[PDB]
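Everything on this sheet refers to the single structure shown next.
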Amino acid sequence: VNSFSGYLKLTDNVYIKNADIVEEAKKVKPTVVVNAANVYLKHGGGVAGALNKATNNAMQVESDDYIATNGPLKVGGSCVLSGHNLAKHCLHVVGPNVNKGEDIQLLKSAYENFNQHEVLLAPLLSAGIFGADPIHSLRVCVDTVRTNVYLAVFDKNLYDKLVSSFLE
Ligand SMILES: CC(C)[C@H](Nc1ncnc2[nH]c(-c3cnn(CC(N)=O)c3)cc12)c1ccc2c(c1)S(=O)(=O)CCC2
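So in UniProt numbering, spot 82 of the sequence shown is number 1106, and the numbers just go up one at a time.
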């Protein structure tokens, strides 16, 4: 149904909210939920682990079957799989993990995958344990995504920092 509520409008197509992406998916029922995935689709922690746990491991089992037939993704790449109880579809997107020596330029490639879907609920790619500067990740999102993107950022301190930096 895509009923998003409580979002701050940053640009004509980019919205942001201090929220847990799992709680937003349950409330919104979006057509597309974005997962901050790794190349083998192993959802062992962070945003991916939270989404997987909310599908009671159904997402991991489907992900394993996809990798068996198609092999791993590339950094900056994506795949569309079932959204299970959270969404119609899950778009698994691999942003670079600069904490593992991956190239930050690939974050543009990662956000470009959003352009194939008219409206998506997403996290801030490559932020948290992936090591990218969150302010930079929001700027790449604003400059690269043209479709309607609702960003859920589960940290009030980071949310206010991103909003102040964007309004500067
Ligand atoms: C910047 C950070 C605040 C943000 N976190 C999140 N942003 C939005 N929705 C979230 N839900 C949870 C969560 C964590 N636990 N639970 C309960 C559960 N049952 O697991 C829900 C965390 C989360 C963030 C954004 C991007 C990435 C990561 C973290 S990561 O996982 O460290 C590496 C991949 C890229």
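All residues carry an ideal CB built from backbone N, CA and C; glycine is no exception.
Next item on the list: Flag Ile1153 as yes when its Cβ comes closer than 7 Å to any non-hydrogen atom of ligand 1, and as no otherwise.
Entry: Locating residue 1153 in the sequence shown gives position 129, counting from the first residue. Checking every heavy atom of ligand 1 against the Cβ of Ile1153, one is found closer than 7 Å.
Next item on the list: Identify which residue in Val1099, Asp1167, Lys1033, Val1052 has its Cα closest to the Cα of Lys1124.
Entry: What you label residue 1124 is simply residue 100 of the sequence shown in a count that begins at 1. Checked all of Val1099, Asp1167, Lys1033, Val1052; the closest Cα to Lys1124 is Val1099.
Margin query: Can you confirm whether the stretch 1142-1150 touches the stretch 1167-1184 when touching is taken to mean that 3 or more C-beta pairs between the two stretches lie within less than 8 Å?
Written below: Flag = yes, the stretch 1167-1184 and the stretch 1142-1150 touch.
Notebook entry, point to check: Taking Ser1102 as the reference, which of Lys1053, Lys1132, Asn1137, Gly1068 has the closest Cα?
Noted result: Locating residue 1102 in the sequence shown gives position 78, counting from the first residue. Checked all of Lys1053, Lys1132, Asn1137, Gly1068; the closest Cα to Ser1102 is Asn1137.
Item checked: Cα-Cα separation, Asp1089 to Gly1119 -> Along the sequence shown, one-based indexing puts residue 1089 at 65. Along the sequence shown, one-based indexing puts residue 1119 at 95. Spanning the two alpha carbons is a distance of roughly 22 Å.
Next item on the list: Given a cut-off of 8 Å, decide if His1108 and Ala1082 are closer than it, judged by their beta-carbon atoms.
Entry: Residue 1082 sits at position 58 when you count from the first residue of the sequence shown. Residue 1108 sits at position 84 when you count from the first residue of the sequence shown. Their beta carbons are under 8 Å apart, which means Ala1082 touches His1108 by this criterion.
Checklist line | Whole-angstrom distance between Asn1121 and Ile1153, CA atom to CA atom | finding: For the purposes of this step, residue 1153 is identified with residue 129 of the sequence shown, where counting begins at 1. For the purposes of this step, residue 1121 is identified with residue 97 of the sequence shown, where counting begins at 1. For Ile1153 and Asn1121, the distance between alpha carbons rounds to 8 Å.
Next item on the list: Can you check the stretch 1164-1189 for any beta strand (DSSP E) of at least 3 residues that lies completely inside it and give the ranges in chain order?
Entry: Taking only runs of at least 3 residues, the beta strand (DSSP E) segments lying wholly in the stretch 1164-1189 are 1172-1177.
Next item on the list: Flag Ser1150 as yes when its Cβ comes closer than 7 Å to any non-hydrogen atom of ligand 1, and as no otherwise.
Entry: On the sequence shown, position 126 is the one that residue 1150 refers to. True, at least one ligand heavy atom lies under 7 Å from that Cβ.
Notebook entry, point to check: Is it right to say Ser1027 is buried, meaning 16 or more other beta carbons lie within 10 angstroms of its own, or is it exposed?
Noted result: For the purposes of this step, residue 1027 is identified with residue 3 of the sequence shown, where counting begins at 1. Classification of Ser1027: exposed, given that the 10 Å Cβ count is below 16.
Check: Are the Cβ atoms of residue 1023 and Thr1168 separated by less than 8 Å?
Finding: Because the chain here runs from 1025 to 1192, residue 1023 falls outside it and cannot be looked at.
Check: In angstroms, rounded to a whole number, what distance separates the CA positions of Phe1190 and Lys1180?
Finding: Residue 1190 sits at position 166 when you count from the first residue of the sequence shown. Residue 1180 sits at position 156 when you count from the first residue of the sequence shown. Cα to Cα, the separation comes out at about 15 Å.
Check: In angstroms, rounded to a whole number, what distance separates the CA positions of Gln1129 and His1160?
Finding: Against the sequence shown, residue 1129 aligns to sequence position 105. Against the sequence shown, residue 1160 aligns to sequence position 136. Going by C-alpha positions, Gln1129 is about 11 Å away from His1160.
Notebook entry, point to check: Looking at the structure shown, is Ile1128 part of a helix, part of a strand, or coil, going by DSSP?
Noted result: Here residue 1128 refers to the residue found at position 104 of the sequence shown. In this structure, DSSP gives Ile1128 a state outside helix and strand, which the three-state scheme calls coil.
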